[PDB]
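A.B. asks: The structure file data04.pdb (PDB, C-alpha atoms and all ligand atoms) is provided below.
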```pdb
ATOM      1  CA  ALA A   2      23.775  -5.507  10.611  1.00  0.00           C
ATOM      2  CA  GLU A   3      22.014  -8.246   8.674  1.00  0.00           C
ATOM      3  CA  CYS A   4      18.483  -7.482   7.548  1.00  0.00           C
ATOM      4  CA  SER A   5      17.561 -10.279   5.230  1.00  0.00           C
ATOM      5  CA  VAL A   6      16.585 -13.905   5.811  1.00  0.00           C
ATOM      6  CA  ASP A   7      15.893 -16.847   3.537  1.00  0.00           C
ATOM      7  CA  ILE A   8      12.782 -18.724   4.720  1.00  0.00           C
ATOM      8  CA  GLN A   9      11.910 -21.975   2.891  1.00  0.00           C
ATOM      9  CA  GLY A  10       8.748 -24.050   2.531  1.00  0.00           C
ATOM     10  CA  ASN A  11       8.782 -27.644   1.291  1.00  0.00           C
ATOM     11  CA  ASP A  12       6.520 -30.480   0.176  1.00  0.00           C
ATOM     12  CA  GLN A  13       6.688 -31.782   3.713  1.00  0.00           C
ATOM     13  CA  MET A  14       4.684 -28.803   4.907  1.00  0.00           C
ATOM     14  CA  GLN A  15       7.457 -27.262   7.001  1.00  0.00           C
ATOM     15  CA  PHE A  16       9.533 -24.066   7.199  1.00  0.00           C
ATOM     16  CA  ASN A  17      13.315 -24.446   7.107  1.00  0.00           C
ATOM     17  CA  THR A  18      13.585 -22.224  10.203  1.00  0.00           C
ATOM     18  CA  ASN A  19      11.374 -21.452  13.204  1.00  0.00           C
ATOM     19  CA  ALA A  20      12.766 -18.224  14.551  1.00  0.00           C
ATOM     20  CA  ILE A  21      13.808 -14.885  13.123  1.00  0.00           C
ATOM     21  CA  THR A  22      15.527 -12.115  15.032  1.00  0.00           C
ATOM     22  CA  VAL A  23      15.520  -8.687  13.443  1.00  0.00           C
ATOM     23  CA  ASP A  24      18.388  -6.357  14.254  1.00  0.00           C
ATOM     24  CA  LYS A  25      16.960  -3.118  15.619  1.00  0.00           C
ATOM     25  CA  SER A  26      19.792  -1.474  13.677  1.00  0.00           C
ATOM     26  CA  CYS A  27      17.939  -2.397  10.486  1.00  0.00           C
ATOM     27  CA  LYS A  28      15.813   0.370   9.037  1.00  0.00           C
ATOM     28  CA  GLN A  29      13.979  -2.204   6.929  1.00  0.00           C
ATOM     29  CA  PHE A  30      13.974  -6.006   6.782  1.00  0.00           C
ATOM     30  CA  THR A  31      13.281  -8.464   4.013  1.00  0.00           C
ATOM     31  CA  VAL A  32      12.539 -12.187   3.955  1.00  0.00           C
ATOM     32  CA  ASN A  33      12.856 -14.311   0.834  1.00  0.00           C
ATOM     33  CA  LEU A  34      10.452 -17.186   0.458  1.00  0.00           C
ATOM     34  CA  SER A  35      11.045 -20.067  -1.932  1.00  0.00           C
ATOM     35  CA  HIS A  36       9.319 -23.386  -2.485  1.00  0.00           C
ATOM     36  CA  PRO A  37      11.771 -26.288  -2.864  1.00  0.00           C
ATOM     37  CA  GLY A  38       8.836 -28.642  -3.304  1.00  0.00           C
ATOM     38  CA  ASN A  39       7.118 -30.276  -6.280  1.00  0.00           C
ATOM     39  CA  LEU A  40       3.487 -29.738  -5.305  1.00  0.00           C
ATOM     40  CA  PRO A  41       1.561 -26.890  -7.039  1.00  0.00           C
ATOM     41  CA  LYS A  42       0.273 -23.776  -5.236  1.00  0.00           C
ATOM     42  CA  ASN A  43      -3.238 -25.199  -4.688  1.00  0.00           C
ATOM     43  CA  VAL A  44      -1.896 -28.361  -3.045  1.00  0.00           C
ATOM     44  CA  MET A  45       1.228 -27.200  -1.163  1.00  0.00           C
ATOM     45  CA  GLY A  46       0.409 -23.503  -0.840  1.00  0.00           C
ATOM     46  CA  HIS A  47       3.132 -21.632   1.005  1.00  0.00           C
ATOM     47  CA  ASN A  48       3.329 -18.015   2.075  1.00  0.00           C
ATOM     48  CA  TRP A  49       4.908 -16.074   4.951  1.00  0.00           C
ATOM     49  CA  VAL A  50       2.682 -13.883   7.064  1.00  0.00           C
ATOM     50  CA  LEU A  51       3.737 -11.706   9.998  1.00  0.00           C
ATOM     51  CA  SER A  52       1.569 -10.455  12.812  1.00  0.00           C
ATOM     52  CA  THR A  53       1.604 -10.353  16.580  1.00  0.00           C
ATOM     53  CA  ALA A  54       0.776 -13.573  18.435  1.00  0.00           C
ATOM     54  CA  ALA A  55      -2.518 -12.167  19.696  1.00  0.00           C
ATOM     55  CA  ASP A  56      -3.792 -12.108  16.105  1.00  0.00           C
ATOM     56  CA  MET A  57      -1.871 -15.138  14.827  1.00  0.00           C
ATOM     57  CA  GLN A  58      -5.119 -17.056  15.268  1.00  0.00           C
ATOM     58  CA  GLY A  59      -7.774 -14.923  13.600  1.00  0.00           C
ATOM     59  CA  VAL A  60      -5.580 -13.994  10.643  1.00  0.00           C
ATOM     60  CA  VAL A  61      -5.131 -17.735  10.187  1.00  0.00           C
ATOM     61  CA  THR A  62      -8.862 -18.476  10.450  1.00  0.00           C
ATOM     62  CA  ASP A  63     -10.228 -15.664   8.244  1.00  0.00           C
ATOM     63  CA  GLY A  64      -7.443 -16.633   5.870  1.00  0.00           C
ATOM     64  CA  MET A  65      -8.905 -20.105   5.692  1.00  0.00           C
ATOM     65  CA  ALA A  66     -12.289 -18.475   5.086  1.00  0.00           C
ATOM     66  CA  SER A  67     -11.011 -16.743   1.918  1.00  0.00           C
ATOM     67  CA  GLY A  68      -9.495 -19.046  -0.666  1.00  0.00           C
ATOM     68  CA  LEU A  69      -6.847 -19.777  -3.259  1.00  0.00           C
ATOM     69  CA  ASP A  70      -7.852 -16.643  -5.194  1.00  0.00           C
ATOM     70  CA  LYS A  71      -7.466 -14.585  -2.019  1.00  0.00           C
ATOM     71  CA  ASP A  72      -4.038 -16.045  -1.248  1.00  0.00           C
ATOM     72  CA  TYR A  73      -5.827 -17.601   1.733  1.00  0.00           C
ATOM     73  CA  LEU A  74      -5.563 -14.238   3.384  1.00  0.00           C
ATOM     74  CA  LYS A  75      -8.596 -12.158   4.232  1.00  0.00           C
ATOM     75  CA  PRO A  76      -8.616  -8.926   2.229  1.00  0.00           C
ATOM     76  CA  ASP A  77      -7.964  -5.708   4.170  1.00  0.00           C
ATOM     77  CA  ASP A  78      -6.588  -7.525   7.206  1.00  0.00           C
ATOM     78  CA  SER A  79      -5.006  -4.823   9.393  1.00  0.00           C
ATOM     79  CA  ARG A  80      -3.795  -7.615  11.672  1.00  0.00           C
ATOM     80  CA  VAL A  81      -1.011  -8.577   9.290  1.00  0.00           C
ATOM     81  CA  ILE A  82       2.118  -6.397   9.534  1.00  0.00           C
ATOM     82  CA  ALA A  83       3.718  -7.963   6.504  1.00  0.00           C
ATOM     83  CA  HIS A  84       3.210 -10.871   4.202  1.00  0.00           C
ATOM     84  CA  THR A  85       4.551 -12.662   1.180  1.00  0.00           C
ATOM     85  CA  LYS A  86       2.243 -13.904  -1.571  1.00  0.00           C
ATOM     86  CA  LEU A  87       1.131 -17.564  -1.503  1.00  0.00           C
ATOM     87  CA  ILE A  88       3.507 -19.526  -3.752  1.00  0.00           C
ATOM     88  CA  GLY A  89       3.794 -23.027  -5.168  1.00  0.00           C
ATOM     89  CA  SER A  90       6.785 -25.273  -5.717  1.00  0.00           C
ATOM     90  CA  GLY A  91       9.408 -23.653  -7.926  1.00  0.00           C
ATOM     91  CA  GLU A  92       8.265 -20.162  -6.950  1.00  0.00           C
ATOM     92  CA  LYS A  93       9.917 -17.529  -4.769  1.00  0.00           C
ATOM     93  CA  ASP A  94       8.851 -14.214  -3.233  1.00  0.00           C
ATOM     94  CA  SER A  95      10.201 -11.649  -0.783  1.00  0.00           C
ATOM     95  CA  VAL A  96       8.635  -8.965   1.323  1.00  0.00           C
ATOM     96  CA  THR A  97      10.465  -5.904   2.655  1.00  0.00           C
ATOM     97  CA  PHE A  98       8.817  -4.160   5.617  1.00  0.00           C
ATOM     98  CA  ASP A  99       9.963  -1.295   7.840  1.00  0.00           C
ATOM     99  CA  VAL A 100      11.298  -2.514  11.169  1.00  0.00           C
ATOM    100  CA  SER A 101       9.596   0.508  12.683  1.00  0.00           C
ATOM    101  CA  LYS A 102       6.310  -1.395  12.479  1.00  0.00           C
ATOM    102  CA  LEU A 103       7.801  -3.861  14.961  1.00  0.00           C
ATOM    103  CA  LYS A 104       8.221  -3.089  18.660  1.00  0.00           C
ATOM    104  CA  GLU A 105      10.666  -4.160  21.351  1.00  0.00           C
ATOM    105  CA  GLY A 106       9.122  -6.219  24.143  1.00  0.00           C
ATOM    106  CA  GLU A 107       6.187  -7.295  21.980  1.00  0.00           C
ATOM    107  CA  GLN A 108       6.168 -10.841  20.629  1.00  0.00           C
ATOM    108  CA  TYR A 109       5.423 -11.324  16.946  1.00  0.00           C
ATOM    109  CA  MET A 110       4.953 -14.543  15.053  1.00  0.00           C
ATOM    110  CA  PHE A 111       5.179 -15.525  11.435  1.00  0.00           C
ATOM    111  CA  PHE A 112       3.235 -18.338   9.786  1.00  0.00           C
ATOM    112  CA  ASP A 113       1.516 -19.829   6.793  1.00  0.00           C
ATOM    113  CA  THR A 114      -2.231 -19.253   6.239  1.00  0.00           C
ATOM    114  CA  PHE A 115      -2.875 -22.052   3.778  1.00  0.00           C
ATOM    115  CA  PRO A 116      -5.371 -24.381   5.482  1.00  0.00           C
ATOM    116  CA  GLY A 117      -3.707 -26.959   7.730  1.00  0.00           C
ATOM    117  CA  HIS A 118      -0.218 -25.487   7.410  1.00  0.00           C
ATOM    118  CA  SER A 119      -0.067 -23.114  10.367  1.00  0.00           C
ATOM    119  CA  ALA A 120       0.251 -25.980  12.797  1.00  0.00           C
ATOM    120  CA  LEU A 121       3.466 -27.243  11.289  1.00  0.00           C
ATOM    121  CA  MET A 122       4.481 -23.828   9.928  1.00  0.00           C
ATOM    122  CA  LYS A 123       4.846 -20.980  12.405  1.00  0.00           C
ATOM    123  CA  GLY A 124       7.665 -19.430  14.381  1.00  0.00           C
ATOM    124  CA  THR A 125       8.718 -16.336  16.279  1.00  0.00           C
ATOM    125  CA  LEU A 126      10.179 -13.124  15.013  1.00  0.00           C
ATOM    126  CA  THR A 127      12.292 -11.346  17.591  1.00  0.00           C
ATOM    127  CA  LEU A 128      13.250  -7.679  17.469  1.00  0.00           C
ATOM    128  CA  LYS A 129      16.613  -7.186  19.177  1.00  0.00           C
TER     129      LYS A 129
HETATM  130 CU    CU B   1      23.298  -3.595   9.539  1.00  0.00          CU
HETATM  131 CU    CU B   2       2.026 -23.445   3.591  1.00  0.00          CU
END
```
Is it possible to express this structure as structure tokens?
Ligand SMILES: [Cu+2]
Ligand SMILES: [Cu+2]

C.D. replies:
Amino acid sequence: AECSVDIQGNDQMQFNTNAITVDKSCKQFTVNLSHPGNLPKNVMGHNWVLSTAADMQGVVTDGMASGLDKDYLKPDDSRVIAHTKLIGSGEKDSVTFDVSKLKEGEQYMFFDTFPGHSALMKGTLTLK
């Protein structure tokens, strides 16, 4: 039915939503990320990363390891199923993945890899 969602990230270091449900009917699914903040990408760096909960941690750590020039995402991370590009206030981005990469029964989670954001910026993506 509906296969698009508008996820926001503000200067207060928080997503405008904390749960996404993807209609199995969707062949693909896209999320649009915008930054209604005022703080630049190096200060208030916001992105949207998807991955199962089991790897929500590592992906977040290794992502801290890398840096601004790496989008705070480790390069060649097979743990991430989909991801936006780290953006700063005023910016927007959207990623369109195939819902076939997702699986029913399995719990996925989306978050932000910028250091110190994943605590106040995560959620659950539900496939049903
Ligand atoms: Cu539809
Ligand atoms: Cu962030």

A.B. asks: Pull the closest atom pair for each residue of chain A that gets at most 6 Å from ligand CU 2 (chain B), along with the distance in Å to one decimal, counting only C-alpha atoms and all ligand atoms, ordering rows by chain and then ascending residue number, as a tab-separated table.

C.D. replies:
```
residue	atom	partner	partner_atom	distance
A:46	CA	B:CU2	CU	4.7
A:47	CA	B:CU2	CU	3.3
A:48	CA	B:CU2	CU	5.8
A:113	CA	B:CU2	CU	4.9
A:115	CA	B:CU2	CU	5.1
A:118	CA	B:CU2	CU	4.9
```

A.B. asks: Residues within 6 Å of ligand CU 1 (chain B) should be enumerated using all atoms listed in the file and returned as a PyMOL selection string.

C.D. replies: chain A and resi 2-3+26-27

A.B. asks: Write the residues of the selection above to a file with C-alpha atoms, as a tab-separated table (two decimals), keeping the file's coordinate frame.

C.D. replies:
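Below is the file result06.tsv, written as the result:
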```
chain	number	residue	atom	x	y	z
A	2	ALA	CA	23.78	-5.51	10.61
A	3	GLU	CA	22.01	-8.25	8.67
A	26	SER	CA	19.79	-1.47	13.68
A	27	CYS	CA	17.94	-2.40	10.49
```

A.B. asks: Specify as a PyMOL selection string each residue included when the PyMOL selection byres (((chain A and resi 16) around 9) and not hetatm) is applied to this file.

C.D. replies: chain A and resi 8-11+13-15+17-19+112+121-124

A.B. asks: For this structure, which residues satisfy the selection - the PyMOL selection byres (((chain A and resi 103-107) around 10) and not hetatm) - when it is evaluated on the file as given? I want them as a PyMOL selection string.

C.D. replies: chain A and resi 23+25+52-54+82+98-102+108-109+126-129

A.B. asks: Can you list, as a PyMOL selection string, every protein, DNA or RNA residue that comes within 7 Å of residue 74 in chain A when you count all atoms listed in the file, leaving out same-chain residues fewer than 2 positions away?

C.D. replies: chain A and resi 63-64+67+71-72+76+114

A.B. asks: With only C-alpha atoms as the counted atoms, please give the residues lying no more than 10 Å from residue 32 in chain A, apart from itself and same-chain residues fewer than 2 positions off, as number ranges by chain.

C.D. replies: A: 4-9, 21, 30, 34-35, 49, 84-85, 94-98

A.B. asks: Export C-alpha atoms of the chosen residues as a tab-separated table (two decimals), in the frame of the given file?

C.D. replies:
```tsv
chain	number	residue	atom	x	y	z
A	4	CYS	CA	18.48	-7.48	7.55
A	5	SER	CA	17.56	-10.28	5.23
A	6	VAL	CA	16.58	-13.90	5.81
A	7	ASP	CA	15.89	-16.85	3.54
A	8	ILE	CA	12.78	-18.72	4.72
A	9	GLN	CA	11.91	-21.98	2.89
A	21	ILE	CA	13.81	-14.88	13.12
A	30	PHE	CA	13.97	-6.01	6.78
A	34	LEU	CA	10.45	-17.19	0.46
A	35	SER	CA	11.04	-20.07	-1.93
A	49	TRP	CA	4.91	-16.07	4.95
A	84	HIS	CA	3.21	-10.87	4.20
A	85	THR	CA	4.55	-12.66	1.18
A	94	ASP	CA	8.85	-14.21	-3.23
A	95	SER	CA	10.20	-11.65	-0.78
A	96	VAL	CA	8.64	-8.96	1.32
A	97	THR	CA	10.46	-5.90	2.66
A	98	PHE	CA	8.82	-4.16	5.62
```

A.B. asks: Can you tell me which residues surround residue 43 in chain A at a distance of at most 9 Å, considering all atoms listed in the file, apart from same-chain residues fewer than 4 positions away, and format the answer as a PyMOL selection string?

C.D. replies: chain A and resi 69+88-89

A.B. asks: Do you know which residues are at most 10 Å from residue 80 in chain A counting all atoms listed in the file, after dropping those on the same chain fewer than 6 positions away, and could you put them as a ChimeraX atom specification?

C.D. replies: /A:51-53,55-57,59-60

A.B. asks: Provide the CA of residue 22 in chain A to CA of residue 125 in chain A distance in Å, to one decimal place.

C.D. replies: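 Straight-line distance from CA of residue 22 in chain A to CA of residue 125 in chain A works out to 8.1 Å.
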
A.B. asks: Apply the PyMOL selection byres (((chain A and resi 37) around 6) and not hetatm) to the displayed file and report the matching residues as a list in words.

C.D. replies: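 Those residues are residues 11, 36, 38 and 90 of chain A.
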
A.B. asks: Considering only C-alpha atoms, can you say which of A:39, A:78, A:28, A:116 comes closest to residue 66 in chain A?

C.D. replies: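 Ranked by minimum distance to residue 66 in chain A, first place goes to A:116.
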
A.B. asks: Distance CA of residue 73 in chain A-CA of residue 50 in chain A, one decimal place?

C.D. replies: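 Separation of CA of residue 73 in chain A and CA of residue 50 in chain A: 10.7 Å.
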